[PDB]
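Visitor: There's a structure below that I have some questions on.
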Amino acid sequence: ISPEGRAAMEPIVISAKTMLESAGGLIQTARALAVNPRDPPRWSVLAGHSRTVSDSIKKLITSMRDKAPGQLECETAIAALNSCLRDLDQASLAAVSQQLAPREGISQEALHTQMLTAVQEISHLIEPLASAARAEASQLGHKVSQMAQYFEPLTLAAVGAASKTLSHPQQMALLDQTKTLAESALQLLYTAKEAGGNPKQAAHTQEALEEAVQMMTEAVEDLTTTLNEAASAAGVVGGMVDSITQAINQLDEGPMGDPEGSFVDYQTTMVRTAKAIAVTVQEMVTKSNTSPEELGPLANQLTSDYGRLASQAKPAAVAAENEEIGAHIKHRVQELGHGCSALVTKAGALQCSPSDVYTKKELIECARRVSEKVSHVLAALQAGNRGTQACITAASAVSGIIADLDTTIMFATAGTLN
Amino acid sequence: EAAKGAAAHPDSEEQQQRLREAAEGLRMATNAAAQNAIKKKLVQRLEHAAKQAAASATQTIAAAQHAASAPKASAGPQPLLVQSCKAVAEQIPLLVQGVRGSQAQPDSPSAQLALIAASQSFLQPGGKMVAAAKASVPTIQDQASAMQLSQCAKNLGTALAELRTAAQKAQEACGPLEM
Amino acid sequence: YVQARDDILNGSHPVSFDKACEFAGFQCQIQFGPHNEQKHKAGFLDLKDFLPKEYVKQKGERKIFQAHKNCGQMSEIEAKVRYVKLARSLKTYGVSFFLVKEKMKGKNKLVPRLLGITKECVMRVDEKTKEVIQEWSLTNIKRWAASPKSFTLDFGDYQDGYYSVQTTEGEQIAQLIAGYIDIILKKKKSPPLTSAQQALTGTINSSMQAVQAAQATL
Amino acid sequence: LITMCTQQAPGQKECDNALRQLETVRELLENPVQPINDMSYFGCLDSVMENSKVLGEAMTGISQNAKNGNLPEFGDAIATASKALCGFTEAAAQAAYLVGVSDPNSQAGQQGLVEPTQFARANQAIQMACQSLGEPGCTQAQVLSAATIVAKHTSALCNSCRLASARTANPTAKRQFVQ
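Residue numbers (the deposited numbering), protein chains in the order written: chain Y, 1588 to 2005; chain V, 872 to 1050; chain C, 216 to 405, 486 to 513; chain P, 1349 to 1527.
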C-alpha cells in the first residue's frame, strides 16, 4: 500500500466511522425509548443521531463520487501528449520546409531501439489496459501512467528520428506514424476515462474502447515494419536478436490457458512455417553467394517467421494430449532460435564485409546447421501423430500435379504435344 | 533391425520407441568407461550457462545500482526492478553452490541433480528481470545507464535461452532415482 | 451560368450530386424543354454536359429528370437566374479549390477532401460530402510552407495541432499564399567544446570521483 | 444462540448482537490493509446505495415503531438496519482497499491463488455433514440437506481446482490439482 492513499481515504474512513458511532448513539437512544416510547429529549437526540447517519451517508457518497479513481492522470497524459503533438508539428514544419537539424552526437540505430522498446511496452499493456477498462480502475490508472511516461521519451525518439533521418519524405512518414500513435493514445485515454472499468457503462463505451484498441494495434505493427525495415536498410542490426530472445522467453512462459484450435490446424501452421523458413534460408544462402545487401529483408522476415512459429506453438504445445511431444517441440524451437541468431549475426557481419570468404564459410555452415534444426522440427510435427502429415504433403503433391497438368493443357492449346 | 522395421512402416510408435530405447542403449553401453565424461560434458555446458547466468546477474545488479542512483523520484520510482534484483540476489547463492559442487564433486550424481534443480529454479525470474528491464528502459535519465541495462538484458535473455536448453539436456540426462 | 457550369465540370466547385441534379435541371431547361428529357432517357448531353466526371460515372438516372420537371416550364432566363443564384449561395465564390488526399487522424490513411481557399479565408471540404469540414480565416494563419508533396497550414496557436495538406501542386498553392497574404499587407496601413563532448566529460567526472570514492572504500 | 435460545421479548438482544458486530466491523475498517471480498468498486458503490436505502427505510420503520413503542417490529427493523450496517461497512473497507491500491505510487499485489475463507467454510460444512453422520440414528432430512450442500461445495472446490490449474504456474501442481 501507499501511505497517502490511506490518507486520502481517511475521509471515507471518517464517514464510515461516523456511520458506526451514529449507529451507536442512535441505538442507545433506541434502548432508552424501549424503556419509554415518549421521551422528548431522547426523541430529539434520536432524530439528531439519525441526521448524523444521513449526513455521513451523503458524505460517503460525496467522497466516492468525487473519488474519480485515476481519472486525473489520463488527462495529465492527455495534455502531455498534446504538447508532444505540437512539437511533432514543429518538427514537421522544420522538415517540410527543411530547417530541422539533428543532434549529431547520437546515432540513429539506438534511437530506433528506444522506439522499439517503448512501443513494445505499450503494445504489451494495452490489452491489459483494455481489460482494466472493463473491470478495474486502480491498475488502470497505474498502467496509463506507465504508458504516458513511455510516450514522452518515445516522443524524444521521434524528434531524434526527424532531425537525423535522411530520406525526407520517408522521415516525414515516420513522424506520421508517431502522430498516429499519439492520436490513438488520446483516443484510448478518452475511451477508458469515461469507461472507468465500469460494467455499468453502456456498450457505446465498449465499442469506442475496442476500435480504439485496434487502432493502437495497427499503429504498433506498422511501426514495427518501419523500424525493422530500417534495420534491414541498416547494414548491421543486432536488434533482431532481441526479438528472438523475446520469442524465447515467451515460449518459456507458455500459455496458461486451455487449448482452443484443432491440433491438426496447428500442425498445418507449423508445416507452412517450416517449409517457408527452409526455402527462405536456402535462398538466403544463394544470395550470400550473389550479394549481401538483401539479407536484411531476409533476416527480418525470418525473424517474423520464428515469432509466429513460437506464437502458435504455445497453443499447439497445449493443444495435444502428449505434453512430452510439446516440450520436445519446445526443444526444437529453442534450437531454432539459437541457429537463426547465428544466422542473422553472420549475415550482418557479411553485410559489413561482403568481400570475406571466411564469412561465407560461416554462412554456409550456419545454413547447414539451421537446416538440420528445420529437419528436427519436421520430425517433431511428424511425431505429432495427429491427423496425417501425409495429408498436407499429398495436398502439396496434388497441387504440383495440377501445375503439371496446366502446363500440359497449354501444350495442347499450342498443340506442341503431338 | 530397428531401422529395418521402420523401413517396413514409418510412424508406428513401436518402431519409434524401439529406436528410442536403441539410442539410450547405445548411450548406456557407451557409458561403461564413459558417461563419466558424457555426463561431464552435459555438465560443462550446464555450468557454462550458469556462469554467464551469474555474470548477467552481476550486470543486473550494477544496473540496479546506477538505476537507483538516478531518479529524482528515487523513493517510489515504481520499479519492479528492486524486488526483481532482491529475488535474483537471494536466488544466486544456491546456484553458486550447485556449480561449486558440480566442479568439486562431479562423480556424485546427486550434486548434479541439485545443480539441475538450481538451474530450473533460477530460470523463473528471468522473464521478470527482462520485464522490469524493458519497463525501466525509458525511465532512466542517463541513456548511458539505459545501454547498461539494455545490453545487460540482452545478456539475460540469451542466457535464459541457453539455460533452458541446458535444462532439457539435464532432463534427458535425468536418472529417476532422486528419492 | 456557363462559367459556373465549367467550374462544375472542373469539380472544383462544392456541389452535391443532388445539387448537381438541380443544376442539371436548370441546364436542361436552358438548353431544351421539359419534354425532351422526357422523350429520351440516356442523355450524356444530360449526363456528360451537366455533370462532372464522377457524377456522369454516377450515371444520374432520373433524379436529374425530376429536377427537370421541377424546373419544367421555367423559361431559359428563369432557370438561368435560378442556377446563378443557387451557385452564388454556396461559399464557393471567391474561393479556390484543389483536390487533395490528407492523412486522416487516428491512423495512417489519407482522407479525400477538397482544398477550398478564398483570398481571405481557408475552408476544408470533403470531396465526397461537399460541405466544409473545418474553416479558418487568413488572419488565423501565422506561418506557412509547402513541400513538393504537401504544405504547412498554421491555424494559429488557438487551433491545437494544425493538419497539413498533402498536395502535388502545393508550391502553386504557396505562390497563392503569397498572393493570399498580399491581402493582409493591403490591410496594413503606413569548436573544442561540444554538447556531446561536454556530456561525455560530465560522465567522465562523475566516474572519476566515483573512482576516488571506490578507492577510499577499498 | 441469542435468537432461538433467548426469547425475542427483550428484543434488544439483537441490539447487542448489533453492538457486537458494530465493534467487529469497526476494527475491521480500522485497518483497511486487506479486502473483504472480490466484490468490486462499482459493485460496492451499488451496495452502498441500496444499503443506504435500507438505512433510510429503517429510519422510517424503527422511528415509527418507537413512537408506537411496539417492540417486535422495532427490533426486526433495527436488526435489518444492523445487517445493512455490516453491509456498507465491508463495502467501505473494500472500496478503501481498491482505491488505496489505486494510488499512483501504490504497489498492488495479486494476493495469490487462494480464497481461503470460502474453502474453509466448505471444510466446516463437510465437517458438519460428517458430524451429523457420526450419530447412529439421525433423521433422513438433515442427511439429505447436508448431502446436497456438500455436493455443491465439493463441486465448487472442484471448480477451484480447475481454476488454479488454469492460473497457477507449476505443471505438476495442476496435475496434483487434477488428481
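Ideal Cβ placement from N, Cα and C applies to all residues, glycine included.
1) Assign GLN949 of chain V to one of three DSSP states: helix, strand, or coil.
2) Expressed to the nearest angstrom, what Euclidean distance is found between the alpha-carbon atoms of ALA1717 of chain Y and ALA393 of chain C?
3) Please return the same chain residues whose Cβ sits closer than 7 Å to the Cβ of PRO327 of chain C, not counting the five positions on each side in sequence.
4) Kindly indicate if chain V contains any beta-carbon less than 8 Å away from that of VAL1746 of chain Y.
5) Run through DSSP, which three-state label would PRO1358 of chain P get?
6) Contact criterion: CB-CB distance below 8 Å. Does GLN949 of chain V meet it with respect to chain P?
7) How about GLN1442 of chain P and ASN1385 of chain P: are their beta carbons less than 8 Å apart?
8) In three-state terms, what does DSSP make of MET319 of chain C?
9) Is DSSP giving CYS336 of chain C helix, strand or coil here?
10) Could I get the ranges of all uninterrupted alpha helix (DSSP H) runs contained in the segment 1608-1689 of chain Y, with 4 residues as the minimum, in chain order?
11) Contact defined as beta carbons within less than 8 Å: I believe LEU1814 of chain Y pairs with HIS1699 of chain Y. What is the distance between those atoms, to the nearest angstrom?
12) With three or more beta-carbon pairs closer than 8 Å as the criterion, would you say the segment 937-944 of chain V touches the segment 911-921 of chain V?
13) Are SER1513 of chain P and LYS1500 of chain P close, meaning C-beta to C-beta below 8 Å?
14) Given this structure, state the Cα-to-Cα distance separating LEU1773 of chain Y from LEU1923 of chain Y, to the nearest angstrom.
15) Check each residue of the segment 1839-1857 of chain Y: if its Cβ is closer than 9 Å to any Cβ of chain V, include it; give the result in chain order.
16) I'd like to know whether the C-beta of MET1387 of chain P is nearer than 8 Å to at least one C-beta of chain Y.
17) Got a sec, what are the start and stop residues for the alpha helix (DSSP H) residue 2009 of chain Y sits in?
18) With a threshold of 8 Å between beta carbons, is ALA1900 of chain Y in contact with chain V?
19) Hey, is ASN1518 of chain P's beta-carbon within less than 8 Å of any beta-carbon in chain V?
20) Applying a beta-carbon distance threshold of less than 8 Å, which residues of chain V neighbour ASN1453 of chain P?
21) What does DSSP give as the partner residue(s) for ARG328 of chain C in the beta ladder?
22) Measure from the C-beta of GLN1969 of chain Y to each C-beta in chain V and report whether the shortest distance is under 8 Å.
23) Determine the contact status of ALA1749 of chain Y and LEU1680 of chain Y, defining contact as a CB-CB distance below 8 Å.
24) Helix, strand or coil: how does DSSP classify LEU368 of chain C here?
25) What does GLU1714 of chain Y touch in chain P if you count any residue whose Cβ is under 9 Å from its own?
26) Any beta carbon of chain Y sitting closer than 8 Å to that of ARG1035 of chain V?
27) Among the residues of its own chain, which have a CB less than 7 Å from the CB of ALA1037 of chain V, if the five just before and after it don't count?
28) So within the segment 1401-1448 of chain P, which uninterrupted beta strand (DSSP E) runs reach at least 3 residues, ignoring any that extend past its ends?
29) So, is the C-beta of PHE1390 of chain P closer than 8 Å to a C-beta in chain Y?
30) Counting pairs of Cβ atoms below 8 Å between the segment 1472-1481 of chain P and the segment 1495-1509 of chain P, do you hit three or more?
31) Under 8 Å, do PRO1656 of chain Y and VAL1381 of chain P count as touching if we go by C-beta distance?
32) Beta-carbon separation of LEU1675 of chain Y and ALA1705 of chain Y under 8 Å?
33) What separation, rounded to the nearest whole angstrom, lies between the Cα atoms of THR1616 of chain Y and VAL1632 of chain Y?
34) Mapping DSSP to helix, strand and coil, what is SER1940 of chain Y?
35) In the segment 1806-1830 of chain Y, which residues sit with their C-beta less than 7 Å from some C-beta in chain V, listed in chain order?
36) Between the beta-carbon of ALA1806 of chain Y and the beta-carbon of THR1792 of chain Y, is there less than 8 Å?
Guide: With the given structure in hand:
1) Along the second sequence, one-based indexing puts residue 949 of chain V at 78. Three-state DSSP puts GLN949 of chain V in coil, outside helix and strand.
2) Counted from its first residue, the first sequence places residue 1717 of chain Y at position 130. Counted from its first residue, the third sequence places residue 393 of chain C at position 178. Distance between the alpha carbons of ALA1717 of chain Y and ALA393 of chain C is about 49 Å.
3) Reading the third sequence from its first residue, position 112 is the one you call residue 327 of chain C. So the list reads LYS316, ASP341, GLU342, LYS343, once near-sequence residues are dropped.
4) Counting from one through the first sequence, the residue named residue 1746 of chain Y turns up at place 159. No - not a single Cβ of chain V is within 8 Å of the one on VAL1746 of chain Y.
5) For the purposes of this step, residue 1358 of chain P is taken as residue 10 along the fourth sequence, with counting starting at 1. Residue state, collapsed to three classes: coil.
6) The count along the second sequence starts at 1 and reaches residue 949 of chain V at position 78. Yes, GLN949 of chain V counts as interfacial toward chain P.
7) Translated into the one-based positions of the fourth sequence, residue 1442 of chain P becomes position 94. Translated into the one-based positions of the fourth sequence, residue 1385 of chain P becomes position 37. Contact: yes.
8) Position 104 of the third sequence holds residue 319 of chain C. The answer is strand: DSSP assigns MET319 of chain C an E or B state.
9) One-based indexing of the third sequence puts residue 336 of chain C at position 121. Here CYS336 of chain C sits in strand by DSSP.
10) 1627-1654, 1658-1683
11) Start at 1 with the first residue of the first sequence, and residue 1814 of chain Y comes out as number 227. Start at 1 with the first residue of the first sequence, and residue 1699 of chain Y comes out as number 112. Right, the Cβ-Cβ distance comes to about 5 Å (below 8 Å), so this counts as a contact.
12) In this structure the segment 937-944 of chain V does not touch the segment 911-921 of chain V; the number of beta carbon pairs closer than 8 Å is below three.
13) On the fourth sequence, residue 1513 of chain P is found 165 positions in, with the first residue counted as 1. On the fourth sequence, residue 1500 of chain P is found 152 positions in, with the first residue counted as 1. Against a cut-off of 8 Å, the Cβ pair of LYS1500 of chain P and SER1513 of chain P comes out as no contact.
14) Your numbering for residue 1773 of chain Y matches position 186 in the first sequence. Your numbering for residue 1923 of chain Y matches position 336 in the first sequence. Rounded to the nearest angstrom, the two C-alpha atoms are 40 Å apart.
15) Along the segment 1839-1857 of chain Y, going in chain order, the ones with a CB nearer than 9 Å to a CB of chain V are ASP1839, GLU1840.
16) Here residue 1387 of chain P corresponds to residue number 39 of the fourth sequence, with the count starting at 1. Output row for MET1387 of chain P: interface = no.
17) Nothing in the structure corresponds to residue 2009 of chain Y, since chain Y is present only between 1588 and 2005.
18) As a first step, residue 1900 of chain Y is located in the first sequence; it is residue number 313 there, counting from the start. Chain V contact via Cβ: absent.
19) As a working mapping, residue 1518 of chain P is identified with position 170 in the fourth sequence. Closer than 8 Å: no.
20) Within the fourth sequence, the letter at position 105 stands for residue 1453 of chain P. In chain order: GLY947, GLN949.
21) If you number the third sequence from 1, residue 328 of chain C lands on position 113. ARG328 of chain C is bridged to C:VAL315, C:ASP341.
22) As a working note, residue 1969 of chain Y is residue 382 in the first sequence. Contacts with chain V at 8 Å (Cβ-Cβ) include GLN1969 of chain Y.
23) Residue numbering aside, residue 1749 of chain Y sits at position 162 when the first sequence is read from its first letter. Residue numbering aside, residue 1680 of chain Y sits at position 93 when the first sequence is read from its first letter. It is not a contact, given that the beta carbons lie outside the stated cut-off.
24) Position 153 of the third sequence, counting from 1, holds the residue named residue 368 of chain C. Under the three-state reduction of DSSP, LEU368 of chain C is assigned to strand.
25) Within the first sequence, residue 1714 of chain Y is the residue found at index 127, counting from 1. The contacting residues do not exist; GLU1714 of chain Y stays about 17 Å from chain P at best.
26) Taking the first residue of the second sequence as 1, we reach residue 1035 of chain V at position 164. Yes, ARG1035 of chain V counts as interfacial toward chain Y.
27) Walking along the second sequence from the start, residue 1037 of chain V turns up at place 166. Excluding sequence neighbours, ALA1037 of chain V sits near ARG916, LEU917, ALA920, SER990.
28) none
29) The residue given as residue 1390 of chain P occupies position 42 in the fourth sequence. Chain Y, which has a Cβ nearer than 8 Å to the Cβ of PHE1390 of chain P, makes this yes.
30) yes
31) Residue 1656 of chain Y sits at position 69 when you count from the first residue of the first sequence. Residue 1381 of chain P sits at position 33 when you count from the first residue of the fourth sequence. No, they are not a contact pair.
32) Indexing the first sequence from 1 puts residue 1675 of chain Y at position 88. Indexing the first sequence from 1 puts residue 1705 of chain Y at position 118. Not a contact, by the Cβ cut-off of 8 Å.
33) Start at 1 with the first residue of the first sequence, and residue 1616 of chain Y comes out as number 29. Start at 1 with the first residue of the first sequence, and residue 1632 of chain Y comes out as number 45. In a straight line, the C-alpha of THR1616 of chain Y is about 7 Å away from that of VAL1632 of chain Y.
34) The residue labelled residue 1940 of chain Y in the question sits at position 353 within the first sequence. The answer is coil: DSSP assigns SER1940 of chain Y none of H, G, I, E or B.
35) Residues of the segment 1806-1830 of chain Y with a C-beta atom less than 7 Å from some C-beta of chain V are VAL1828, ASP1829, listed in chain order.
36) Counted from its first residue, the first sequence places residue 1806 of chain Y at position 219. Counted from its first residue, the first sequence places residue 1792 of chain Y at position 205. Against a cut-off of 8 Å, the Cβ pair of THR1792 of chain Y and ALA1806 of chain Y comes out as no contact.
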